[PDB]
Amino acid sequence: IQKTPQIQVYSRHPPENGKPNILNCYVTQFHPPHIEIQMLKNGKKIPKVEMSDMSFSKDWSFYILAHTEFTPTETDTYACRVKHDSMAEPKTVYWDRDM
């Protein structure tokens, strides 16, 4: 079976510019388990990215969380890019702090 990932980008706390926070990219409901996930700070790749909270749902779909510590700025734009066999080209999801 093959399922397309749902990608959700969000922070641990409500963003306060200049204040420390955790940016998470929760990729879910995908299959096969082969996947590449990158978190980008203004188009450039972030190094300090942790992989955690892996699990399967009732229907066996994979769930995985990518997260990093970050300090939001009014001008910096953050995003999460996912490459997976179920997609033609990599999908990029942007962090929308005004959500």
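Rigid core here is just the name for the largest C-alpha set that superposes within 1.5 Å across the two forms. The first residue of the sequence shown is number 1, and the count goes up from there.
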item	value
Stretch farther from the shown model on average in 7 other deposited structures of this protein, with CA RMS computed after core superposition (22-30, 49-57)	49-57
Segment of higher mean CA temperature factor, 3-11 or 88-96	88-96
61-69 versus 36-44 - which carries the larger mean C-alpha B factor in the record	36-44
Lowest, middle or highest third - CA B-factor, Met54	lowest
